[PDB]
>>> print(open('coords24.cif').read())   # mmCIF, C-alpha atoms
data_protein
#
loop_
_atom_site.group_PDB
_atom_site.id
_atom_site.type_symbol
_atom_site.label_atom_id
_atom_site.label_comp_id
_atom_site.auth_asym_id
_atom_site.auth_seq_id
_atom_site.Cartn_x
_atom_site.Cartn_y
_atom_site.Cartn_z
ATOM 1 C CA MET D 1 57.056 2.155 -40.897
ATOM 2 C CA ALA D 2 54.830 -0.176 -42.917
ATOM 3 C CA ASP D 3 54.043 2.840 -45.094
ATOM 4 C CA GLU D 4 57.108 3.562 -47.228
ATOM 5 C CA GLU D 5 59.352 0.505 -47.535
ATOM 6 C CA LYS D 6 58.327 -3.152 -47.316
ATOM 7 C CA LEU D 7 61.609 -5.034 -46.920
ATOM 8 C CA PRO D 8 64.450 -5.698 -44.444
ATOM 9 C CA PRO D 9 67.238 -3.254 -43.495
ATOM 10 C CA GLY D 10 69.546 -2.671 -46.446
ATOM 11 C CA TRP D 11 67.193 -3.382 -49.338
ATOM 12 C CA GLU D 12 64.499 -0.939 -50.451
ATOM 13 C CA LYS D 13 61.578 -1.519 -52.819
ATOM 14 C CA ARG D 14 60.902 0.928 -55.651
ATOM 15 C CA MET D 15 58.487 -1.161 -57.719
ATOM 16 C CA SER D 16 59.246 0.925 -60.808
ATOM 17 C CA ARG D 17 56.367 1.700 -63.170
ATOM 18 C CA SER D 18 57.748 -0.622 -65.849
ATOM 19 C CA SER D 19 58.003 -4.392 -66.284
ATOM 20 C CA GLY D 20 61.238 -6.194 -67.100
ATOM 21 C CA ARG D 21 62.204 -7.852 -63.824
ATOM 22 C CA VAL D 22 62.189 -5.987 -60.508
ATOM 23 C CA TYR D 23 65.454 -4.499 -59.250
ATOM 24 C CA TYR D 24 66.607 -3.482 -55.770
ATOM 25 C CA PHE D 25 68.922 -0.985 -54.079
ATOM 26 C CA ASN D 26 71.540 -1.388 -51.348
ATOM 27 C CA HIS D 27 74.005 0.720 -49.360
ATOM 28 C CA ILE D 28 75.957 -1.443 -46.915
ATOM 29 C CA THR D 29 77.836 -2.658 -49.990
ATOM 30 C CA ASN D 30 77.152 0.140 -52.475
ATOM 31 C CA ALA D 31 75.875 -2.592 -54.793
ATOM 32 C CA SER D 32 72.686 -2.538 -56.866
ATOM 33 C CA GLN D 33 70.753 -5.811 -56.742
ATOM 34 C CA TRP D 34 68.480 -7.143 -59.483
ATOM 35 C CA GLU D 35 66.883 -10.323 -58.138
ATOM 36 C CA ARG D 36 65.493 -10.423 -54.599
ATOM 37 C CA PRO D 37 66.455 -9.961 -50.923
ATOM 38 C CA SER D 38 67.359 -13.617 -50.389
ATOM 39 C CA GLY D 39 69.285 -14.847 -47.363
ATOM 40 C CA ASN D 40 66.985 -16.823 -45.078
ATOM 41 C CA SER D 41 63.957 -17.732 -47.194
ATOM 42 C CA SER D 42 61.796 -16.746 -50.165
ATOM 43 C CA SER D 43 59.736 -13.900 -48.706
ATOM 44 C CA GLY D 44 57.698 -11.365 -50.655
ATOM 45 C CA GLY D 45 56.637 -12.326 -54.159
ATOM 46 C CA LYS D 46 53.359 -14.153 -53.579
ATOM 47 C CA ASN D 47 53.731 -17.668 -52.171
ATOM 48 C CA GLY D 48 55.883 -20.790 -52.127
ATOM 49 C CA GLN D 49 58.130 -21.150 -49.089
ATOM 50 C CA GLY D 50 58.809 -24.238 -46.996
ATOM 51 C CA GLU D 51 60.984 -22.493 -44.420
ATOM 52 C CA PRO D 52 59.273 -19.108 -43.912
ATOM 53 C CA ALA D 53 61.832 -17.458 -41.633
ATOM 54 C CA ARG D 54 60.427 -14.011 -42.410
ATOM 55 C CA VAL D 55 56.890 -12.774 -43.070
ATOM 56 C CA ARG D 56 54.722 -9.664 -42.786
ATOM 57 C CA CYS D 57 53.282 -11.063 -39.556
ATOM 58 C CA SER D 58 51.457 -7.983 -38.272
ATOM 59 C CA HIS D 59 49.495 -7.443 -35.058
ATOM 60 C CA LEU D 60 46.752 -4.822 -34.769
ATOM 61 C CA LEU D 61 46.359 -3.059 -31.421
ATOM 62 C CA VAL D 62 42.959 -1.797 -30.273
ATOM 63 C CA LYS D 63 43.306 0.715 -27.440
ATOM 64 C CA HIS D 64 41.451 -0.310 -24.279
ATOM 65 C CA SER D 65 41.559 -0.536 -20.483
ATOM 66 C CA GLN D 66 44.042 -3.365 -21.030
ATOM 67 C CA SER D 67 46.625 -0.979 -22.480
ATOM 68 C CA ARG D 68 49.137 1.641 -21.345
ATOM 69 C CA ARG D 69 46.317 4.194 -21.412
ATOM 70 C CA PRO D 70 42.619 3.728 -22.285
ATOM 71 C CA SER D 71 42.384 6.693 -24.656
ATOM 72 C CA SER D 72 40.532 6.816 -27.976
ATOM 73 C CA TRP D 73 42.243 8.453 -30.951
ATOM 74 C CA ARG D 74 39.009 10.271 -31.789
ATOM 75 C CA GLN D 75 36.581 9.593 -28.940
ATOM 76 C CA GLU D 76 39.322 10.724 -26.558
ATOM 77 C CA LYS D 77 37.705 8.463 -23.961
ATOM 78 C CA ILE D 78 37.537 4.695 -23.479
ATOM 79 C CA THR D 79 35.612 3.620 -20.381
ATOM 80 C CA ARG D 80 35.002 0.162 -21.844
ATOM 81 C CA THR D 81 37.242 -2.757 -20.879
ATOM 82 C CA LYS D 82 38.008 -6.390 -21.701
ATOM 83 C CA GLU D 83 34.227 -6.688 -21.985
ATOM 84 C CA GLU D 84 34.505 -4.978 -25.371
ATOM 85 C CA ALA D 85 38.193 -5.622 -26.039
ATOM 86 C CA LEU D 86 38.133 -9.222 -27.265
ATOM 87 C CA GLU D 87 34.637 -8.601 -28.630
ATOM 88 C CA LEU D 88 35.565 -5.562 -30.722
ATOM 89 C CA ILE D 89 38.107 -7.793 -32.460
ATOM 90 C CA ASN D 90 35.568 -10.543 -33.136
ATOM 91 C CA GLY D 91 33.465 -7.948 -34.932
ATOM 92 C CA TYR D 92 36.042 -7.702 -37.708
ATOM 93 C CA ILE D 93 37.829 -11.014 -37.166
ATOM 94 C CA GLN D 94 35.170 -12.469 -39.462
ATOM 95 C CA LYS D 95 35.255 -9.973 -42.331
ATOM 96 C CA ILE D 96 38.805 -8.806 -43.036
ATOM 97 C CA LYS D 97 39.942 -12.330 -43.908
ATOM 98 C CA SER D 98 36.763 -12.707 -45.963
ATOM 99 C CA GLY D 99 38.357 -10.889 -48.883
ATOM 100 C CA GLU D 100 35.916 -8.092 -48.090
ATOM 101 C CA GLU D 101 38.218 -5.780 -46.134
ATOM 102 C CA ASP D 102 41.853 -4.911 -46.841
ATOM 103 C CA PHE D 103 44.220 -4.871 -43.863
ATOM 104 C CA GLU D 104 44.862 -1.167 -43.285
ATOM 105 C CA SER D 105 41.617 0.713 -42.644
ATOM 106 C CA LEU D 106 41.154 -0.754 -39.165
ATOM 107 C CA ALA D 107 44.746 0.295 -38.486
ATOM 108 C CA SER D 108 44.212 3.760 -39.962
ATOM 109 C CA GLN D 109 41.074 4.299 -37.882
ATOM 110 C CA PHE D 110 41.450 2.324 -34.652
ATOM 111 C CA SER D 111 44.966 0.993 -34.069
ATOM 112 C CA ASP D 112 46.906 2.879 -31.397
ATOM 113 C CA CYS D 113 50.467 1.648 -31.919
ATOM 114 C CA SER D 114 52.585 2.577 -34.939
ATOM 115 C CA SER D 115 50.076 0.768 -37.153
ATOM 116 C CA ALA D 116 47.720 3.576 -36.139
ATOM 117 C CA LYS D 117 49.163 6.083 -38.609
ATOM 118 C CA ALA D 118 51.724 3.825 -40.287
ATOM 119 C CA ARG D 119 49.496 1.406 -42.197
ATOM 120 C CA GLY D 120 51.125 -1.346 -40.161
ATOM 121 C CA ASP D 121 52.709 -1.802 -36.741
ATOM 122 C CA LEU D 122 56.017 -3.159 -38.042
ATOM 123 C CA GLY D 123 55.575 -5.363 -41.094
ATOM 124 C CA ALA D 124 58.158 -8.045 -41.829
ATOM 125 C CA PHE D 125 61.376 -9.082 -40.085
ATOM 126 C CA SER D 126 64.425 -11.267 -40.720
ATOM 127 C CA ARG D 127 64.062 -13.686 -37.807
ATOM 128 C CA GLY D 128 62.878 -11.968 -34.641
ATOM 129 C CA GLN D 129 61.521 -8.599 -33.535
ATOM 130 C CA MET D 130 60.185 -8.750 -29.977
ATOM 131 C CA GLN D 131 57.896 -10.754 -27.694
ATOM 132 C CA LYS D 132 58.937 -14.355 -28.337
ATOM 133 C CA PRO D 133 55.359 -15.563 -27.714
ATOM 134 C CA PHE D 134 54.253 -13.221 -30.499
ATOM 135 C CA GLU D 135 56.190 -14.935 -33.287
ATOM 136 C CA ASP D 136 54.137 -18.041 -32.505
ATOM 137 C CA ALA D 137 51.345 -16.905 -34.823
ATOM 138 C CA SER D 138 52.359 -16.283 -38.436
ATOM 139 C CA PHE D 139 53.925 -19.739 -38.705
ATOM 140 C CA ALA D 140 50.582 -21.407 -37.994
ATOM 141 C CA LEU D 141 48.380 -20.656 -41.004
ATOM 142 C CA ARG D 142 48.278 -20.442 -44.800
ATOM 143 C CA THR D 143 48.306 -16.685 -45.397
ATOM 144 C CA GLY D 144 45.178 -14.566 -45.083
ATOM 145 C CA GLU D 145 43.970 -16.619 -42.127
ATOM 146 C CA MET D 146 44.528 -14.233 -39.218
ATOM 147 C CA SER D 147 45.847 -15.721 -35.974
ATOM 148 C CA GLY D 148 43.238 -13.785 -34.021
ATOM 149 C CA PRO D 149 43.590 -13.368 -30.239
ATOM 150 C CA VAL D 150 47.157 -14.494 -29.549
ATOM 151 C CA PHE D 151 47.232 -13.038 -26.037
ATOM 152 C CA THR D 152 50.627 -11.553 -25.179
ATOM 153 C CA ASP D 153 52.301 -9.045 -22.862
ATOM 154 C CA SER D 154 50.000 -6.272 -24.083
ATOM 155 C CA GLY D 155 46.401 -7.428 -24.368
ATOM 156 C CA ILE D 156 44.927 -8.695 -27.629
ATOM 157 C CA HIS D 157 46.518 -8.469 -31.076
ATOM 158 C CA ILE D 158 45.743 -9.896 -34.515
ATOM 159 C CA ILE D 159 48.316 -11.445 -36.848
ATOM 160 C CA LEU D 160 46.746 -10.846 -40.260
ATOM 161 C CA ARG D 161 49.947 -11.513 -42.204
ATOM 162 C CA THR D 162 50.310 -10.399 -45.823
ATOM 163 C CA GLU D 163 53.069 -12.749 -46.977
#
>>> encode(input="coords24.cif", output="structure tokens")
Amino acid sequence: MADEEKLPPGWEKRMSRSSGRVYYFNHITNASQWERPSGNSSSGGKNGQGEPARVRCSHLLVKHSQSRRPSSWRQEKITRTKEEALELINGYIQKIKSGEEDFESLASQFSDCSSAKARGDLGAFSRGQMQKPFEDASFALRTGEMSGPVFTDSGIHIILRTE
């Protein structure tokens, strides 16, 4: 996930190494699209959307004592706790959104969840994915703002958002 495709279920992105309008592929209707996965809003592209009912609202997950198991991907040990949990995030919180750090490295060298080795926990949805209190993040900024510590039924995540 968040490594191969970058769209909802049914439509896949190929990019195609050649200009001339971007096309799409389907399956549920054996029909080839040639416009955009429209249905709820104008996601993807770049910007311009009054009713953003679907975005790449991500949420990094830094393993810690406030998780299912305080185990480091490399260190193999995480004695630290909330004392370095919310802090560890603040260390990057003011750098990634500073156009001086693409959203991926931290996930491919820290994240524990899927984002760990999937360049992204989930990515984008159509309306809802999980934790209701989690969705209350993306729709509260202007892209590339990072929601920061949202505080949910897990510990401490970060909604970077890339759409």
>>> closest_residue(input="coords24.cif", among="D:84, D:26, D:151, D:91", to="residue D:9", atoms="all atoms listed in the file")
D:26
>>> atom_distance(input="coords24.cif", atom1="atom CA of residue D:81", atom2="atom CA of residue D:64")
5.9 Å
>>> closest_residue(input="coords24.cif", among="D:138, D:41, D:152, D:109", to="residue D:53", atoms="only C-alpha atoms")
D:41
>>> residues_around(input="coords24.cif", residues="residue D:142", least_positions_apart="4", cutoff="10 Å", atoms="only C-alpha atoms", output="PyMOL selection string")
chain D and resi 47+138+146+161+163
>>> residues_around(input="coords24.cif", residues="residue D:79", least_positions_apart="6", cutoff="12 Å", atoms="only C-alpha atoms", output="MDAnalysis selection string")
chainID D and resid 63:66 69:72 85
>>> write_last_selection(input="coords24.cif", atoms="C-alpha atoms", output="CSV table (one decimal), in the frame of the given file")
chain,number,residue,atom,x,y,z
D,63,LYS,CA,43.3,0.7,-27.4
D,64,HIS,CA,41.5,-0.3,-24.3
D,65,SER,CA,41.6,-0.5,-20.5
D,66,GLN,CA,44.0,-3.4,-21.0
D,69,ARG,CA,46.3,4.2,-21.4
D,70,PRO,CA,42.6,3.7,-22.3
D,71,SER,CA,42.4,6.7,-24.7
D,72,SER,CA,40.5,6.8,-28.0
D,85,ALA,CA,38.2,-5.6,-26.0
>>> atom_distance(input="coords24.cif", atom1="atom CA of residue D:68", atom2="atom CA of residue D:2")
22.4 Å
>>> residues_around(input="coords24.cif", residues="residue D:25", least_positions_apart="3", cutoff="7 Å", atoms="only C-alpha atoms", output="list in words")
residues 11, 12, 32 and 33 of chain D
>>> axis_aligned_box(input="coords24.cif", around="stretch 16-33 of chain D", padding_each_side="8 Å", output="AutoDock Vina command-line options")
--center_x 67.1 --center_y -3.1 --center_z -57.0 --size_x 37.5 --size_y 25.6 --size_z 36.2
>>> closest_residue(input="coords24.cif", among="D:6, D:54, D:119, D:157", to="residue D:86", atoms="only C-alpha atoms")
D:157
>>> atom_distance(input="coords24.cif", atom1="atom CA of residue D:58", atom2="atom CA of residue D:3")
13.1 Å
>>> residues_around(input="coords24.cif", residues="residue D:95", least_positions_apart="3", cutoff="12 Å", atoms="all atoms listed in the file", output="ChimeraX atom specification")
/D:89-92,98-103,106,144-146,160
>>> closest_residue(input="coords24.cif", among="D:60, D:156, D:55, D:150", to="residue D:42", atoms="only C-alpha atoms")
D:55
>>> decode(input="coords24.cif", residues="stretch 69-91 of chain D", atoms="N, CA and C atoms", output="PDB file, in the first residue's frame")
ATOM      1  N   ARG D  69       3.633  -2.856  21.044  1.00  0.00           N
ATOM      2  CA  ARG D  69       4.885  -3.425  21.530  1.00  0.00           C
ATOM      3  C   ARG D  69       6.052  -2.480  21.259  1.00  0.00           C
ATOM      4  N   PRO D  70       6.694  -2.007  22.338  1.00  0.00           N
ATOM      5  CA  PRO D  70       7.833  -1.090  22.243  1.00  0.00           C
ATOM      6  C   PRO D  70       9.077  -1.768  21.679  1.00  0.00           C
ATOM      7  N   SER D  71       9.078  -2.000  20.371  1.00  0.00           N
ATOM      8  CA  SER D  71      10.206  -2.645  19.709  1.00  0.00           C
ATOM      9  C   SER D  71      10.692  -1.812  18.527  1.00  0.00           C
ATOM     10  N   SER D  72      12.001  -1.586  18.469  1.00  0.00           N
ATOM     11  CA  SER D  72      12.594  -0.802  17.392  1.00  0.00           C
ATOM     12  C   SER D  72      12.908  -1.683  16.187  1.00  0.00           C
ATOM     13  N   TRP D  73      12.588  -1.184  14.998  1.00  0.00           N
ATOM     14  CA  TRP D  73      12.836  -1.925  13.767  1.00  0.00           C
ATOM     15  C   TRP D  73      14.299  -2.343  13.668  1.00  0.00           C
ATOM     16  N   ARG D  74      15.197  -1.428  14.020  1.00  0.00           N
ATOM     17  CA  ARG D  74      16.627  -1.702  13.970  1.00  0.00           C
ATOM     18  C   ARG D  74      17.189  -1.922  15.372  1.00  0.00           C
ATOM     19  N   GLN D  75      17.019  -0.925  16.234  1.00  0.00           N
ATOM     20  CA  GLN D  75      17.509  -1.010  17.605  1.00  0.00           C
ATOM     21  C   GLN D  75      17.074  -2.317  18.259  1.00  0.00           C
ATOM     22  N   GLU D  76      15.848  -2.741  17.965  1.00  0.00           N
ATOM     23  CA  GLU D  76      15.313  -3.975  18.527  1.00  0.00           C
ATOM     24  C   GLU D  76      14.960  -3.794  20.001  1.00  0.00           C
ATOM     25  N   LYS D  77      15.063  -2.559  20.479  1.00  0.00           N
ATOM     26  CA  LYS D  77      14.754  -2.249  21.871  1.00  0.00           C
ATOM     27  C   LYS D  77      14.338  -0.791  22.024  1.00  0.00           C
ATOM     28  N   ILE D  78      13.247  -0.565  22.748  1.00  0.00           N
ATOM     29  CA  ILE D  78      12.746   0.786  22.972  1.00  0.00           C
ATOM     30  C   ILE D  78      12.295   0.971  24.417  1.00  0.00           C
ATOM     31  N   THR D  79      13.245   1.292  25.291  1.00  0.00           N
ATOM     32  CA  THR D  79      12.947   1.498  26.702  1.00  0.00           C
ATOM     33  C   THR D  79      12.257   2.839  26.928  1.00  0.00           C
ATOM     34  N   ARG D  80      12.541   3.799  26.055  1.00  0.00           N
ATOM     35  CA  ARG D  80      11.947   5.127  26.159  1.00  0.00           C
ATOM     36  C   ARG D  80      10.426   5.038  26.243  1.00  0.00           C
ATOM     37  N   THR D  81       9.786   6.170  26.522  1.00  0.00           N
ATOM     38  CA  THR D  81       8.334   6.219  26.632  1.00  0.00           C
ATOM     39  C   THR D  81       7.789   7.544  26.111  1.00  0.00           C
ATOM     40  N   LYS D  82       6.603   7.917  26.582  1.00  0.00           N
ATOM     41  CA  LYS D  82       5.972   9.163  26.166  1.00  0.00           C
ATOM     42  C   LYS D  82       6.924  10.342  26.342  1.00  0.00           C
ATOM     43  N   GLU D  83       7.948  10.151  27.167  1.00  0.00           N
ATOM     44  CA  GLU D  83       8.930  11.199  27.421  1.00  0.00           C
ATOM     45  C   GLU D  83       9.694  11.547  26.147  1.00  0.00           C
ATOM     46  N   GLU D  84       9.766  10.590  25.227  1.00  0.00           N
ATOM     47  CA  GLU D  84      10.469  10.795  23.966  1.00  0.00           C
ATOM     48  C   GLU D  84       9.548  10.526  22.779  1.00  0.00           C
ATOM     49  N   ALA D  85       8.299  10.182  23.073  1.00  0.00           N
ATOM     50  CA  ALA D  85       7.318   9.901  22.033  1.00  0.00           C
ATOM     51  C   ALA D  85       6.882  11.181  21.329  1.00  0.00           C
ATOM     52  N   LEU D  86       6.214  12.059  22.070  1.00  0.00           N
ATOM     53  CA  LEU D  86       5.740  13.322  21.515  1.00  0.00           C
ATOM     54  C   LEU D  86       6.910  14.220  21.128  1.00  0.00           C
ATOM     55  N   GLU D  87       8.039  14.039  21.806  1.00  0.00           N
ATOM     56  CA  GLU D  87       9.231  14.832  21.530  1.00  0.00           C
ATOM     57  C   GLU D  87       9.861  14.425  20.202  1.00  0.00           C
ATOM     58  N   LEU D  88      10.045  13.123  20.015  1.00  0.00           N
ATOM     59  CA  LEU D  88      10.638  12.601  18.788  1.00  0.00           C
ATOM     60  C   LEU D  88       9.927  13.161  17.560  1.00  0.00           C
ATOM     61  N   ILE D  89       8.619  13.362  17.680  1.00  0.00           N
ATOM     62  CA  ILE D  89       7.825  13.896  16.580  1.00  0.00           C
ATOM     63  C   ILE D  89       8.113  15.377  16.361  1.00  0.00           C
ATOM     64  N   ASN D  90       8.281  16.109  17.458  1.00  0.00           N
ATOM     65  CA  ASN D  90       8.564  17.538  17.386  1.00  0.00           C
ATOM     66  C   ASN D  90       9.910  17.793  16.714  1.00  0.00           C
ATOM     67  N   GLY D  91      10.789  16.797  16.764  1.00  0.00           N
ATOM     68  CA  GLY D  91      12.099  16.932  16.157  1.00  0.00           C
ATOM     69  C   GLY D  91      12.027  17.076  14.649  1.00  0.00           C
TER      70      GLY D  91
END
